[PDB]
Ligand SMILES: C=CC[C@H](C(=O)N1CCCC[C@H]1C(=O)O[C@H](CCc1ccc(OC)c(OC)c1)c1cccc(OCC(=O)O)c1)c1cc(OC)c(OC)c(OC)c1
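Single chain ahead, written as structure tokens, the form deposited without the named molecule.
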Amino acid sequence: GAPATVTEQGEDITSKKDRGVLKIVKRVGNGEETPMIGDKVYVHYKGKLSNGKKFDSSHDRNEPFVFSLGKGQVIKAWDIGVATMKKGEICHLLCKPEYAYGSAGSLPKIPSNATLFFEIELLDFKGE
């Protein structure tokens, strides 16, 4: 399935090149510009655990997730991954725990030491 495919066929987008965040571009977005640090970014997403459970989805909530890029308001994999996206892009990210919730996990949804899969669509980005 898609998690296996990005595990086996994804590109390492980390600065350390430690394969902690792998990416596949599923739909090419618009132009060449990616957001900048501090931009308000709007995304749709779904997240799955490595046991197949869907732990989160903005689509199911009927509202996007909104955060300021590069500020640690989301897991490290999202700060790094969304920073690579163009407006309108859809990507898959495969995130080792060191770029996600680590040994702590995040109750009730996410166990300790969890590798996570996301599908993310960058809807918009704007400076404030």
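Heads up: residue numbers just count along the shown sequence, starting at 1.
The mean C-alpha temperature factor is higher for 49-57 when 86-94 and 49-57 are set side by side.
Mean C-alpha B-factor is higher over 99-107 than over the other stretch, the pair under comparison being 77-85 and 99-107. Ranked against the other modelled residues of its chain, the C-alpha B-factor of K71 as given in the entry falls in the highest third. In this PDB entry, the Cα temperature factor of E121 sits in the bottom third of its chain's modelled residues, the lowest group.
FYI, the form solved in complex with the named molecule isn't displayed, but the following is about it.
Contact between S106 and the named molecule in the deposited bound form is found at the 4.5 Å heavy atom cutoff. Of the heavy atoms in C91, none are within 4.5 Å of the named molecule in the deposited bound form. At a distance threshold of 4.5 angstroms between non-hydrogen atoms, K54 is in contact with the named molecule in the deposited bound form. Among heavy atoms of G31, none comes within 4.5 Å of the named molecule in the deposited bound form.
Of the residues in 77-106, those that come within 4.5 Å of the named molecule in the deposited bound form through at least one heavy atom are, in sequence order, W78, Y101, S106.
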